[PDB]
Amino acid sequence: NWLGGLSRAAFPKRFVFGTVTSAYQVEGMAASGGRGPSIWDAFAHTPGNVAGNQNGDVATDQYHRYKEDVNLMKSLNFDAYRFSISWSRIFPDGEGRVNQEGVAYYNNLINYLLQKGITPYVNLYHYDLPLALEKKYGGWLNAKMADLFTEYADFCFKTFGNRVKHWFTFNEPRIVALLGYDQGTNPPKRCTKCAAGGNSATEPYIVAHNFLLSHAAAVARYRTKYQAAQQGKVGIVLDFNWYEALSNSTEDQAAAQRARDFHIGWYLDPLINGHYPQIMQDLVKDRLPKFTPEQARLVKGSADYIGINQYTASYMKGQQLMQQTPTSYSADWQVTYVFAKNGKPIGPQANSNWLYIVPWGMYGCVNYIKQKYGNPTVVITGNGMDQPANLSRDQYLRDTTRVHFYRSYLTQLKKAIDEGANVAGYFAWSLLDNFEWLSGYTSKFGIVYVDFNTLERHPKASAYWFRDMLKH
């Protein structure tokens, strides 16, 4: 059976199925409707930064077409929709004046979702820091971000929280730290060798610390001011790809564990246990900021659920841990990536070079969180794969590899849940082909095809797969 035995009956009662987008990747109207620029607007408008010098000015134009898109997700039998609010659409300068037209958009979207029986899961932040805050404060390098983000979050809670009961603060802070401050390939393009300045050995850690403190501050505000009346929940979205020891050697097993700790433990040990992973403390030393006892107590337990974006897996090979001059967050792990074992690749690649199709990584990640962190409530907040550029419409629609991807990965998730993992929901990245950051429109992650000339939507085979799988 093309469903491979999957259906709602194969998952827990009340298990939530949804699709996901982010504001800059789908909304369009980037410089309209009162929206102020984000760091991604400036970045994308700079020649050479994005494939084909493309940007999110129009994207999928969900801003105008959101009722079409909500109708479509309802027709595909989804229960929920994860989307983000653009900070600079609400506060064009990141602070101060409210853009009422932007508020009205999200009200209209939220209300239509609810009208159609689709639960809104709302991210406050998805890489799109208001440009004014980058320039004025230095963005996530500045501890003042906790105050600035908390005030923004407060507004969103007050304005939308009578209707929105499922929030996330951040999306993949590890990726902001890594690409924005270690490698310097994403905004603000900081790194040791970078024109904008930076230090790949220190700044990723400062940035991660400020994300954790800002998350904790925003949640403290929710709990003290809004929770009694609104009775919702606030979590965070973290990326986690699996690491598997290349062999059963002590060294390789240690390397895979170090990778897990530097990847997910960086955020989860603070959120669950109130401290950074021991290995990071041991290796990063004075470059890793230290939580005060008060801050640690604020961060610990501050996520009502853990959003995990899960895509892929890698083999890890070890080495003797050495004393080394610090160079970068990436180099701090002291591991070696390997994508074959016993002469066989870990899996075939999707369009994105980093995305190896490895369904057992889903089981790996979910089981690991279950066993290591006391089985916290987890929501899979993003999982999917991409097709390349330049295919015909019909080639996009016949997305047999993506159908296989979802069947296999969801089978592996089901395996983990059946073994007792506390997973509450699953969200497919993405509802729509969209603006895929540095790849621009050359990477197609949607279950729904978007023609970027006409903006027409066409469900792909994988959309119909979900429709069949999710029928009530």
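All residue numbers are counted from 1 along the displayed sequence.
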Self-check item: Higher-scoring stretch by recorded Cα B factor average, 283-291 or 83-91
Solution: 283-291
Exercise. Pick between 379-387 and 242-250: the one whose mean CA B-factor in the entry is higher.
Key: 242-250
Exercise. Tell me which of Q319, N108, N309, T312 tops the list for C-alpha B factor in the record.
Key: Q319
Practice problem: Can you pull the Cα B-factors for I272, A218, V358, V335 from the entry and say which is highest? | Solution: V335
Practice problem: Rank-wise, by C-alpha B-factor, drop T442 into the lowest, middle or highest third of its chain. | Solution: middle
Practice problem: Give the position of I39 by CA B-factor within its chain, expressed as the lowest, middle or highest third. | Solution: lowest
Self-check item: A421 - Cα temperature factor, lowest/middle/highest third of chain
Solution: highest
Quiz prompt | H64, C-alpha B-factor rank within chain (lowest, middle or highest third) | solution = lowest
Self-check item: Relative C-alpha B-factor of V450, binned into the chain's lowest, middle or highest third
Solution: lowest
